[PDB]
């Protein structure tokens, strides 16, 4: 466990600027101009197969309306203002300039301010959290406390620097973020994560139980031999590990793995050849858009694969979705963002056996209807012996905070309430 490992250019080790610098997101006019003309001068795309929807991936017929909107209608100036409504900063951790949002509520006497580290995954970003933030940071009067939020871009994502050498997997990111909270002055704090953030947050709780006082997860999953074996034992007689009302989230197993085979293509290629697949996505707005938006389709509700349009209007406006795309396009981070897959699937990282070391920190789990996978509390208790509760929603998918901001924030606050309650 190396806490001082250097990920930036090696010559800057003795020239580390350790200050917390204020930062403005900007959509520069040359960038915007170049983007517009790259969309305008696009190529004709192979027509899709008729009546297939999204079952072969992004429907090319839908590209005209999205690209036209992006070039002509998307309000670049207004959106820059939208993104800057919160405070941004940068500070160098281990050679990397890490970006984070920080939202601090104003509080009446008798209300405690409590730090929460909020972690995004792929292909999301800090944009994911904007609509959830007013709820997360609100003062209530049913509550003793209010949340101060720190929300960093993962290294190689959004506005954070990427590693210059191999080795930066999820476990190493756990370290960078622990160092970040130390930089900012925090000794104890809560962590919330989904997708990668669930993985990285889980590792932080594993490594630093003294610092993490509670972990909330909306992507709770164990892929260990013991977990999978227990998964198969429950196929024999289900009422042993899972409730029948929840049984259809897991069973039959043949459904789970068939849909998993169909959907893990991106993950397979990103874990092996991220620099290859990422090159076209770096250069083409149409490519980036198709690749990322397909996820916002399927991972929200699998049944949307049937529809001709996505349906990418099911939950979000065009602007909300292009906001997130803009954090990939304007920073050129698609390749660096994909490398986390390659690093995390390493032999080295898997030999760390994260799925077999228990988290001894109080834990809360949120389980939306249409998450890509599900595990009952019985198997979860193996990785999280101090599991306080598993909150089950009958709605929502993978991008929970982005999709159901109110429901998300309500549940996170409820968790922290219960965490503070038990500490007594």
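Numbering follows the first chain given and starts at 1.
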Going by the entry, of stretches 350 to 358 and 129 to 137 the one with greater average Cα B-factor is 350 to 358
Higher of the two mean Cα B-factors (159 to 167, 252 to 260; per PDB record) comes from 252 to 260
Looking only at 58, 69, 399, 384, the Cα with the top B-factor belongs to 384
From the entry's CA B-factor values, the highest among 199, 321, 277, 236 is 236
Binned into thirds over the chain's modelled residues, the C-alpha B-factor of residue 228 lands in the highest
Chain thirds by Cα B factor, record data; residue 268 belongs to the lowest
Residue 145: C-alpha B-factor third of its chain, per the entry, is the middle
The third of the chain into which the C-alpha temperature factor of residue 110 falls is the highest
Quick tally, chain-level thirds of C-alpha B-factors: residue 341 sits in the lowest
